[PDB]
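Okay, so here's just one chain, in structure tokens, the form deposited in one PDB entry.
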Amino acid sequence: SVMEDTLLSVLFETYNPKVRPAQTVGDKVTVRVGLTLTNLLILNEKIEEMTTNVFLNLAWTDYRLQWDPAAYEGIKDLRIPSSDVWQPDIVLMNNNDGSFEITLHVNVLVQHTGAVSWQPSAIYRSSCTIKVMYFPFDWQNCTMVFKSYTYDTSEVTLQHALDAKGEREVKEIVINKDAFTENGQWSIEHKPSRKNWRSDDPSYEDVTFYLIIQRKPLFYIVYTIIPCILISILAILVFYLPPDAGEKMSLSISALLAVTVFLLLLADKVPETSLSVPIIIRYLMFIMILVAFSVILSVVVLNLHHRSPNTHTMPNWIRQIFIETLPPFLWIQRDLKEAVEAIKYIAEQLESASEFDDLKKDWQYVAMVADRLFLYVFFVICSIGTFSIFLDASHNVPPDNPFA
């Protein structure tokens, strides 16, 4: 018989995976935990859930799993199925769904000194609060919490996993360059691991793998921000179409419809959290209100253009404010006698019509000057708003100190 079988028979003749491996009564088992992120699958902001494919590195010392390699046939290590040895149940304490335990259940690695190095794999679904503000030009602080569900500080003692060299300790998430495929949307900025305690409860020990991840906003800045900028450019042009074209309100209401369409599309992507408002939704609302005010002011300009002496009389204040002061500041400036009686009548009618035309052209001049003023004001306001929003977005860099 292969001596591995006899060694397995000797080890497990009285072994019980229901008892802690504390050598003396009341002793604690120093459990080392760590993470090896192989793939950050997705971060579903709709349900505030992060799905990661990880290799939960574990290492605890069991006093029962000891043997002398010289006594046997030089066996120095062994592979044992994970359901046969005692196991501290390091579960994801902040899982979004009900998946607590590990998925794969790979074999543990028991060495002759008693050290057990278990590296199971799982598809974990943790839950993290999404900082909805500054979305999508945002960095997230999504965390994974790993501690023994049943045992507490009186029975175990969590630590940090070591490195390939046993003399060094790792305080960060291990990434294997060969197997780790970078997620196409998120960039791993910082990844510290730090045991955080509870001041109000001594019987609590935690190891948390903080994962500072930066969103790459190119998709949103390509499918939403650029079309919104184009719609803003259209909305500025509404204050440049002449009133006679009969297309100012059509163009402005089409721009408003486009803005609302883009707003409703993003409803499937933005988080449902009501704590704050993301910067992209804030920008959408700013553009929508700007286009609505453009619609209102183009309605005002159309009203001022279509006014006539027989329906409105021009007040003196609007004259003094739109003909005198503002055009300088906007670069805008400028039997048989019955036939004689009939021709006199038609000439008088022509003179009255020309005076009426002059007054309504003065109304049109007021409308045009107001339209140009609205053009400049809206241009300045939209430029300042976009610059301020983008400056706030660009300064949302995660801090260099992750605070572990």
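Sequential numbering from 1, following the sequence displayed. Under this definition, the rigid core comprises the largest set of C-alpha atoms superposing within 1.5 Å between the forms.
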How do 185-193 and 164-172 compare in 8 other deposited structures of this protein: which one has C-alphas farther from this form after the rigid core is matched? 164-172
Comparing C-alpha positions in 8 other deposited structures of this protein against this form, with the rigid core used for the fit, which stretch differs more, 318-326 or 102-110? 318-326
In the deposited sequence, how many residues between residue 177 and residue 178 have no modelled coordinates (none, 1 to 3, 4 to 9, 10 or more)? none
